[PDB]
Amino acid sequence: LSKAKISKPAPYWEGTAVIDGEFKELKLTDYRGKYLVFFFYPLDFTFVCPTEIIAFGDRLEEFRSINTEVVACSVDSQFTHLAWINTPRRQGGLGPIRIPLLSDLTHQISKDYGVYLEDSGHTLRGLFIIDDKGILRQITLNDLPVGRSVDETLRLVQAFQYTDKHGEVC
């Protein structure tokens, strides 16, 4: 059952990620101090263009300049993530990417987030906005066919940051 609740500490996670083409151990707690956009995508190497992970990567500075990091996660292995990264974009690969790719091979992370699909063995499109004190502020769940918008995510982040500081004015 899902552990993700708005207003509660986002469920702890840790696992191996690909970070600049190397295997690094990564933990939710590594992000304390900053806002974190933590999103799940269904699988590496499919025949859909990975335009949403690419979008977040390409516009990463828009998050980093407002104290926000981005982490992406699927149930693939770190070895698969690596291979997808080292596959040229023009070839359906992801190409180089500046956002970590977290592996959830055991499926524990996805279950903890309520994004796992029992019958498919992968996640749906799930996005989580977690604040600098590690509290969960926002949950977005999309049925598989529909992607997330970087612009919408940015709006939400800036809005949580505004109201953390100033309250709701009006």
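When you see a residue number, it is the position in the sequence shown, counting from 1. Take the two forms, superpose them, and find the largest set of C-alpha atoms that agree within 1.5 Å; that set is the rigid core.
Structural divergence in 5 other deposited structures of this protein between 47 to 55 and 24 to 32: following superposition by the core, 47 to 55 has C-alpha atoms lying farther from the shown form. Look at the C-alpha B-factors of 94 to 102 and of 75 to 83. On average they run higher in 94 to 102.
Mean C-alpha B-factor is higher over 47 to 55 than over the other stretch, the pair under comparison being 47 to 55 and 117 to 125. In this PDB entry, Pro42 carries a Cα temperature factor that places it within the lowest third of its chain's modelled residues.
Among the modelled residues of its chain, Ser110 has a C-alpha B-factor that falls in the lowest third according to the deposited record. When the modelled residues of the chain are ordered by their C-alpha B factor, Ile135 lands in the middle third.
Among the modelled residues of its chain, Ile66 has a C-alpha B-factor that falls in the highest third, as given in the PDB entry. Sort the chain's modelled residues by C-alpha temperature factor and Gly21 lands in the highest third, per the entry.
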